[PDB]
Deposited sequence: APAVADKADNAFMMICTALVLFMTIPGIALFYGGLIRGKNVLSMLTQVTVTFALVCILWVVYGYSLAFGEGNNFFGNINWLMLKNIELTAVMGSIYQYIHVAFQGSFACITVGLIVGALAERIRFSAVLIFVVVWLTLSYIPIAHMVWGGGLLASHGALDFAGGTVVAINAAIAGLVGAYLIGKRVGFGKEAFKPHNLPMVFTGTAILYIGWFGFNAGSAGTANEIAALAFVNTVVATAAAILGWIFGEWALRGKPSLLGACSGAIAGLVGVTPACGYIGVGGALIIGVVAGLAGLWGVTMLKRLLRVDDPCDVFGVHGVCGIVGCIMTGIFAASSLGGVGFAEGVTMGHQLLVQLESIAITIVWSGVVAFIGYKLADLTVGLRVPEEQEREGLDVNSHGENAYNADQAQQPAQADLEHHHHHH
């Protein structure tokens, strides 16, 4: 039976630490610099407490429901509090315990993205109700569909590190919420921490320290850099001069945009995707909930452009056998639509259930 590679265990434990770093303190510092000063302490408390909450649900049933074998949409409850996972159980080339932690860290940042923005406007008890509903009925199933052999995986969807599961998912939940900057040095710092953490998010998504981790790494560096220049250029062109928030936003645009693609494309495609994401990001925000705007627009762009740049002819690792580019594009579009709709319905339901129970707006 399959044995764990200690190089892969080491790499993926470090990568997990780096993705946890994106939430505590990365996204908290990012939002903390954007939202109103009088609301900062409260937002940091909600982000910390709901981080804790997601860690606990994850171990309790969340991992089992996302990565256990179930149906197209849901796993199982065989792995309650990780029961029936032998300590020496291997998954891929690493101990399954490490897989549990790595996967849970992506749940954390996804919820962090939502809670940092709406903490300002949502009653504390209502944010907790929301997180439970939405993590369970939206993050878990969509993680299952994409990474847990569910519906979208079984149709060949390409999403290396979570254009759909993290970015579009959170953008939508966040925008349904929206519907219902005071310290820029602090914003830069959280962007920097998000950037560094994002190497574990992207490279670690290979599940091993191989050439695919290596390619995801370099593509992360290249797409972020290109998106920064693309945003800044567009800001200089429209606004006369670059801005710090413009630079940071560009960095996030390329990161988001390269997320579904990093392990599939060539550096040339990483560059193109970075430029397009930076401009699309800028275009989008022109039309702190802007954050969901960048994530949504840039994650859509990234997801689509994965179905293009994965092609061998464009420097990519190649589509699966018998899969033309037109097919892959169709599948990317279907994954994106399912994610938008599934997350929105569940977001809507989470917000309504909170509102009926405790009320939504902060008193």
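A.B. asks: Residue ranges with no C-alpha coordinates, please: along the deposited sequence, counted from 1, in order.
C.D. replies: Missing from the model are residues 1, 182 to 194, 302 to 310, 387 to 424.
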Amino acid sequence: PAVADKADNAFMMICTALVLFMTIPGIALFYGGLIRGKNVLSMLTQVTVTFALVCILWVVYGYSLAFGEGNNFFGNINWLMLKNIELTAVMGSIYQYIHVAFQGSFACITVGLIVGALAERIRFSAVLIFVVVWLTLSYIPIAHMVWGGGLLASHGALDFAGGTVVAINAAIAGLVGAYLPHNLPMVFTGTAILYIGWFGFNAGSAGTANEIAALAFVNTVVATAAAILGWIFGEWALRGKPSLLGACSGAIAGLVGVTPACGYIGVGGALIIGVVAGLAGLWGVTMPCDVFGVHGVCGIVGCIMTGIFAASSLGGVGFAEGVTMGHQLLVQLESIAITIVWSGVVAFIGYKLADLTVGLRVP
From here on, numbers count along this sequence of modelled residues.
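A.B. asks: Mind checking which third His295 falls in for C-alpha B-factor across the chain?
C.D. replies: For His295, the deposited C-alpha B-factor lands in the middle third.
A.B. asks: What third of its chain, lowest, middle or highest, does the C-alpha temperature factor of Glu235 fall into?
C.D. replies: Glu235: CA B-factor falls in the lowest third of its chain.
A.B. asks: What third of the chain does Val111 rank in for C-alpha temperature factor, lowest, middle or highest?
C.D. replies: Middle third, going by the recorded CA B-factors of the chain.
A.B. asks: Relative to the other modelled residues in the chain, which third contains the C-alpha temperature factor of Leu20: lowest, middle or highest?
C.D. replies: Lowest third of the chain for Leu20's C-alpha B-factor.
A.B. asks: Divide the modelled residues of the chain into thirds by Cα B-factor and specify which third, lowest, middle or highest, holds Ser312.
C.D. replies: Its C-alpha B-factor, which the entry lists for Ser312, ranks in the highest third among residues of this chain.
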